[PDB]
Every structure is written in structure tokens, then in C-alpha cells.
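Quick heads-up: it's one chain on its own, the form deposited in one PDB entry, in C-alpha cells.
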């Protein structure tokens, strides 16, 4: 009785009729994968789960990352604990695609909502596929084939993360380990083949084949275009929600409007491959 209800023409669907606290069937798994490929971000409501169950579910869709730094669930290290009482979250309140400064950015993620404020803290997603398709033909033709530099320091500037000696030493180390690198401006989804804009305000600094002046103008245009309401959805969280999204062709934005109230999410991240 697995049911998929599209939320919006551009992206998003809600899944019901499946219980992911236990192992899903082969058919359910293929149905959800298909739903991911078509709808890009999937939501389940009233789906309480623990870390082990969250991990077993996410692992049906790829291999899982174990973060070395972020707080973790001890018995299930694939599940990262995001608790605002404990951890900074700043990088979330700006449109971004996860870790695109990496050679192989995350495939996507499964988020479970554990403890929420009464309201506030919505999360928006935008589809690079719908956004690319909506560009005029001359722009699609110009951009398809160009490359862009991505740089972690765009979201984690020395100005905010190098205030003290400890933080500074941390920043310089991350800088050293993640030099800027390039990805296609227009990414072909490695499974569906759907083409998507693949720049994001969070990490993209320069379209390589344009001059500095041109690149600045084109990126400002693309950042605005790709985050228009036509290409996005907005989720208002409820406890025990699960979100599962494809980070290869979307961006997201976490609204920062609920401080100082506590919010706790659990996150499992699926390893991705080289964008092309």
C-alpha cells in the first residue's frame, strides 16, 4: 500500500503506506528509489525511528558516510546528531548543496526530526533540474559544458571560524585539506540522466571560463533564478518526519527563525560520486 503523492510540479513527494522502522521489501525499496529519481526530495510523516533503523533504511540506497568531527550516535556512527543546544548550524541558513567543495559530494541524506520547536525552522529545497529547464535556450546552451570552482571557505569564512586560536588552527587545517576544485555547471544525474544546474551560493565562487566580472554577474543571476518559488518547495517539520533527498540535483535552505528554542535532527549521509 505504498503511496506517493507529488507535492509540487518541480519537485517533492510524500510517501505513506510504508513502515521504515523495519526492513523494507525489495519492491518498496525500488519504488522509493524511483520516487527519488523522479521527485528528488521525499517526505514521510509519522515515522518514528531510531538511529539503527534510520541507518539500515538509508543504506538501502547507497553506502553511508561516517563523519569524523560532527557529534555521532555511538552505537550507530552512520547517524550524526544535530542538536542546536550543542552544535553550530550557521552553514544551513543559506542556499547550498552539501559539500560540493568535495571531489565526490554526497549523493543525498536521510533526516529524522526528533525534537522541534512549536514552529519555525522550515527547510526549503530547490531543484536544479526544473531550474535548468526553465532557463532560456541561449543560456542553457552557453552554460552546458562550462565548469565552476567550489570552495568551502565561501561558507566557512576565516572571519567567523578563525576568531580564536583553536578555531583558527582548525580552519587553516581544513583549508589545507580541501583546496578549491571544479565541477560542471550543468550536471547530468548519474542514474536518470536528467540535467540540472549544479551551482550554489553556499560554495560556488567562479564560473571558470568566464572572466571575473562576467562570472560574478552570471552567478548572481543563477543563484536568484534557481531559488525562485517555481523551482522550490517548503517543508514545515513535525516530530518523527523523515526527509530523504537527492543532493546531486537539489539545493536546500534551513530557515533560521526559531532560536533559542532547541531542535534535534538525526542525519544519515549517503556517499556520492564524481559529478559530470
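Numbering follows the first chain given and starts at 1. For clarity, a rigid core is taken as the largest C-alpha set superposing within 1.5 Å between two forms.
What follows is about the form deposited in another entry, which we do not show.
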{"item": "Core-superposed comparison between the shown form and the other one - Cα displaced by 2 angstroms or more, from 220, 67, 29, 236", "value": "67"}
{"item": "Did residue 115 shift 2 Å or more between the shown form and the other one, C-alpha, core superposed", "value": "no"}
{"item": "Residue 168 C-alpha relocation of at least 2 Å between the shown form and the other one, rigid core basis", "value": "yes"}
